[PDB]
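>>> got an experimental structure here, sequence first:
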Amino acid sequence: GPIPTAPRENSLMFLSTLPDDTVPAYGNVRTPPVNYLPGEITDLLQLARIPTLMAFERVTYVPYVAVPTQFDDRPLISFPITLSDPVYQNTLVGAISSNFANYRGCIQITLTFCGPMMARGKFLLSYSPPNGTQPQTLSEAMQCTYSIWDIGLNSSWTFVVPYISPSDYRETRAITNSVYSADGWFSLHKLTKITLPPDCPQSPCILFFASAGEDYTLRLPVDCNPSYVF
Amino acid sequence: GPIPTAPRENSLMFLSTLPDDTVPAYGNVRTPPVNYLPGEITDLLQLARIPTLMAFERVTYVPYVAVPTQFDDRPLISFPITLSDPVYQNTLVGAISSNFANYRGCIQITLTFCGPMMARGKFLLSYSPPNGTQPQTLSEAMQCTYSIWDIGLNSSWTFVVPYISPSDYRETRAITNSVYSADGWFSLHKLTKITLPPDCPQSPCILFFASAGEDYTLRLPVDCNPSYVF
Amino acid sequence: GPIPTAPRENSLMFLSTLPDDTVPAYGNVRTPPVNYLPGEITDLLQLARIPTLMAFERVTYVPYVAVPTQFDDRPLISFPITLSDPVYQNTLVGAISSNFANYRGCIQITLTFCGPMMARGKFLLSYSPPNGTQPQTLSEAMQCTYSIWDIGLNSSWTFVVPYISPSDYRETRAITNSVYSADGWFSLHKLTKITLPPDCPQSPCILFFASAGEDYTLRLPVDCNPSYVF
Amino acid sequence: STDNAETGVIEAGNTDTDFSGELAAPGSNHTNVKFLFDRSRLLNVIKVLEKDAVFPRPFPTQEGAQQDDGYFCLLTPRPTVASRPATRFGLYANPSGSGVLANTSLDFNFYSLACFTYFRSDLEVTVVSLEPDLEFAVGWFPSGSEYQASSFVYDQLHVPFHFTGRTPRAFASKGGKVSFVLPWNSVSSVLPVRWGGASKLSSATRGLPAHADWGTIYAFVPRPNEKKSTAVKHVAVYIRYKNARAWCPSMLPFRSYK
Amino acid sequence: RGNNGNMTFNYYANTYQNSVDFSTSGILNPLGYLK
Amino acid sequence: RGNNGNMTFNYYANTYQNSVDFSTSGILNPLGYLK
């Protein structure tokens, strides 16, 4: 005999994200093998963990920064830590992160000196947690978390921004500067002036790379912005 | 082949209280741990069993009662036993009970004397089951259930209203004074006048607390009244 | 994947007598015990098997029959055997039977003599299966099924109407006198006149009771008649 | 029985302590917190979109700004105003004069039984029509995001972008209902019934949480921009907490004495 | 038992389908006795 | 547990029906103590 049943209030509804399959129409098809293609990607983090070049303003954009010769106490360059900020816009970390809502883990920064082999100097890198006003001098910078990097044989030096947050997970866009979106600043200080022998070009250049850390993680997908087509 | 079935008369109906779940949309989410928060509440009785302050009229409301100096045979104070009565209105027992329909168990009352340490006296507490007219004298009060409490070192004294009912469970509101809603009266009698040494303030004050008993129980939820917002 | 199924032609139908349950709304309720009430009824036959008083016309109704003093050959009283007949109307057997359609088993009749202890006499009880015309004399009555009952110490005497039918089960109402509804007559004959000593009241009275038998049975419920309210 | 209430801790007693008697049987356990809160209830009533929308601006908005009001509903028991979180509940006792009227909402039952401090639970949503034989759809996006506002041209027919996206969108047949459940997705571990902190480090408003909600919901008509009708339409929103928990006692509202 | 035809499957739990009495801590028998 | 009547069958997996807390590496007890 017929099994008696009563459908629920939710019937004939079409839900895009429903976690289930549907009815086939043209089954029994067999396809060519794909064993010959190497380098299968299993998770997009594999691509998020590859360094890429950032951008700045030369006033009209370049990835590097030119070390001046004048003497002043302001930071050489400083940008905030917010994945929606323009500097991270074109880097892979930012581009992928803009399609989600939350993140964890430690961000990573890398530099490389491309000046003459005969030069010598030292630089100071610091990371300042949030405050009423951002740092503006070496004395203030020394107190926060910082490290000293000196020009030598090896060319590059890596820096890690620790994950220090009042809550697990953080927003990936800053509609307003709540403590859950913005997380301080990063700034670079020229500790000592550069020394060059006679008859050498002045004003060397330095280069930046940005990538995800070891324990980086994303979550909660979201729809993407199509404005690029225009 | 298709399983033949016939839906019942109750189909496509939306029932708020239905005991079942529905279809997920955005599953596979993982949340932060909450092991760090102490004091999880498992049942609202844990809160119903905490004493709180009642209220009376000073003619314009105070929780305490001032012992006069005049001599008269009427009860010092008497209020009915009905959870919808104003005196229990703001106490937790009454406030929570107003959201249900039935109750059981024994109610509990507590007092505390806050007068000078040098005073001495005695009081009589009585509970009168329902009758044609409420008690109005000590001779009548003595016959019902009662106890004698004397001022001493310790300050407080607890009293229990027994559950004496013609039926299991009782209504928590009194639309009309059927025997299933009202359950008598409670009254306090000043057995002897207070004695004080010279140069001391007169008219000490006494304080009341009300709470649920050990074997208190509620049942059958009901919708709440939103008038408080105005 | 979804289970494919096809509902039958009978869907969304509301059938009052359907043998199945429905969806709950406010479950998890617990009720008081009822162990204290004695005399639970499990089947209405328990009540159908209790004797009750019949009725007759005194021309305006009484349960008893007055024994005359005149001499005649007609039966003292005779009524048909049909549960829809007025005499059984108010008795429990008839009242309950009017709510069903079929019946079986043996009906039972009882009498009780309430005259002076000093009286003496004899009576004849007979039951006549259906015929062209009903019996009208003792000679005819003797041939059918009958019994002799004599006044003595004990007051009551029981009589059983056998179930003699051309088919299993019989109708409980007589729209027309088919052999499946009417089943003959019952009549009482005064064999000898009553003897009384001088200075005693004349015309004693006799009383009737009607009840279901041991092997009585009902079947096939039917809707009831609400005319009593008017 | 003699005791001292100043110690704070008082042990509950029974009738037998001071008189002859006995204790009563348990009965039933309808006071369980998990079992109490699993019941649907009305939350808010909103209009139905018939074109691309413009999300309302922040609160310091002056006059003359163009936007769409009353089209979005927040998912949170706390008070809200103009589709944005608030701190004080509002009420219009004199519907007259110029100015736009601000939408408001609240969860009367939840705040009538809000005896604790922190809360956490999943949430199941349902929608229902208030017009005869209406066709509509419902959209949603998680906490801490924003609604895309633009359209595309297909065959010279404008189509709003909110049709498509990788965050749930659902359709219902003529006179049908929409139902589904959501997870707990806010960054905070628990939802604060009452709060006394500040979100921004300066110029903040104390006691106004930032992400105390589940998401946001809206409804729209599946037709192109070319079919903007002449009459407004409304729908009703129902929510139902699921597998709830509480963490710290508090006090209940003040029932005023006439 | 009763006017219930199903004899194989029950979906909801007993305490939700029916009401129960909380605890405390054949041929028909006749009514009315004489001794 | 809760206002849930089904006790026999669950269709979807637990991690899709409910939210879970990711790992890291009877009678009612009283609230408030005195010593």
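Everything's here; your move. Residues are numbered from 1 along each chain as shown, chains lettered A, B, ... in the order given.
>>> tell me how many other residues crowd residue 34.
All of this refers to chain A. Other residues near residue A:34 number 7, with proximity taken as other Cβ atoms under 10 Å in any protein chain shown. Where you see a C-beta, it was placed from the backbone N, CA and C, and this is true even at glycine.
>>> meant chain E, my bad for not saying
For residue E:34, the tally of surrounding residues (other Cβ under 10 Å) stands at 3.
>>> residue contacts, it?
Contacts for residue E:34 (Cβ atoms under 8 Å, 6 or more residues apart in numbering or on different chains) come out as none.
>>> in chain D, what residue comes closest to chain A?
Nearest residue of chain D to chain A (Cβ to the nearest Cβ) works out as residue D:165 at 3.0 Å.
>>> just the helices in chain E please.
Taking DSSP state H as the test, the helices found in chain E are E:14-17.
>>> revised request: answer the last question for chain A.
Chain-ordered helices for chain A, with DSSP H as the definition, fall at A:45-48, A:92-97, A:138-143.
>>> out of the ones you listed, which gets nearest to chain E?
Short answer: helix A:45-48, nearest of the helices of chain A by Cβ to the nearest Cβ, at 44.1 Å.
>>> from the contact counts, what lies against the closest one?
For helix A:45-48, the contact count by 3 or more Cβ pairs under 8 Å, 6 or more residues apart in numbering or on different chains; DSSP states H and E identifies helix A:92-97, strand A:205-212, strand A:217-219 as packing neighbours.
>>> 7 Å instead?
With contacts defined as 3 or more Cβ pairs under 7 Å, 6 or more residues apart in numbering or on different chains; DSSP states H and E, helix A:45-48 has these neighbours: helix A:92-97.
>>> which bits of chain D sit near chain A?
Those residues of chain D that sit near chain A, judged by Cβ under 7 Å from any Cβ of the partner chain, are D:141-142, D:144-146, D:148, D:165-173, D:176-180, D:185, D:187-188, D:199-202, D:210.
>>> contacts with chain B among the residues you listed, please.
When Cβ under 7 Å from any Cβ is taken as the criterion, the members of the residues of chain D next to chain A that contact chain B are D:168, D:177, D:179-180, D:185.
>>> widest-spaced pair of the residues you listed?
The two members of these with the most space between them (Cβ to Cβ) are D:177 and D:185, at 23.7 Å.
>>> report the central residue of chain A.
In chain A, the centroid-proximal residue (Cα atoms, centre = their mean) is residue A:93; its distance is 4.3 Å.
>>> ok, it to residue B:170 distance?
66 Å (Cβ to Cβ, to the nearest Å).
>>> kindly report the same for residue A:51.
Between residue A:51 and residue B:170 the distance is 74 Å, computed by Cβ to Cβ.
>>> whatever residue of chain E ends up closest to chain D and residue D:23: what is the separation?
At 5.4 Å from chain D, residue E:24 is the closest residue in chain E, using Cβ to the nearest Cβ. As defined by Cβ to Cβ, residue E:24 lies at a distance of 12 Å from residue D:23.
>>> of these two, who's got more company?
Taking neighbours as other Cβ under 10 Å, residue E:24 and residue D:23 compare with residue D:23 leading, 14 against 10.
>>> wait, isn't that one in contact with residue D:12?
No. Residue D:23 lies out of contact with residue D:12 (Cβ atoms under 7 Å); the separation is 11.3 Å.
>>> what is the end-to-end distance of stretch A:211-229?
Taking Cα to Cα, to the nearest Å, the span from the opening residue of stretch A:211-229 to its closing residue is 26 Å.
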